[PDB]
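Here the sequence shown is numbered in the authors' numbering, starting from 1 and rising by one per residue.
No residue lacks a Cβ here, since even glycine has one placed at the ideal position from N, Cα and C.
Let me begin by presenting the structure, written as structure tokens, before commenting on it.
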Amino acid sequence: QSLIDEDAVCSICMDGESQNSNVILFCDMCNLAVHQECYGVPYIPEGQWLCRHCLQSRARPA
Ligand SMILES: [Zn+2]
Ligand SMILES: [Zn+2]
């Protein structure tokens with residue numbers, strides 16, 4: 001075994017199933033998990049994911 005889950009469940013649909021059509025992306029700060037299709041994102045980005053609270057947090061200092 002490796003890990004238990006660490007927020008391995010989507011919030012928009014409460015489904016922790018990482019699939020091609022709906023990949024449950026993990027944040028970078030808070031560690032929120034949500035399918036890129038569930039949140040409303042075109043697809044998987046280059047780096048990680050930053051929720052509106054996440055990006056807004058780091059956006060301050062920049
Ligand atoms: Zn979802
Ligand atoms: Zn976040």
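I think residue i touches residue j, with their Cβ atoms under 8 Å apart; what is that distance to the nearest whole Å?
i	j	result
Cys10	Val41	Contact doesn't hold; Cβ gap of about 13 Å is too wide.
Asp28	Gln48	4 Å
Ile44	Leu25	7 Å
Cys38	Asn22	6 Å
Quick check: what's the CA-CA separation for residue i versus residue j?
i	j	result
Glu17	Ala62	33 Å
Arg60	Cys30	16 Å
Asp7	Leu32	7 Å
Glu46	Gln36	13 Å
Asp15	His53	21 Å
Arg58	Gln1	33 Å
What does the Cβ neighbour count give for residue i, buried or exposed, with the cut at 16 atoms within 10 Å?
i	result
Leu50	buried
Strictly by DSSP, which residues pair up with residue i?
i	result
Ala33	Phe26
| query | Whose beta carbon lies closer than 7 Å to any heavy atom of ligand 1, going through the chain in order? | reply | Spelled out in chain order, the answer is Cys10, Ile12, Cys13, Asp15, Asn22, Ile24, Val34, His35 and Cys38.
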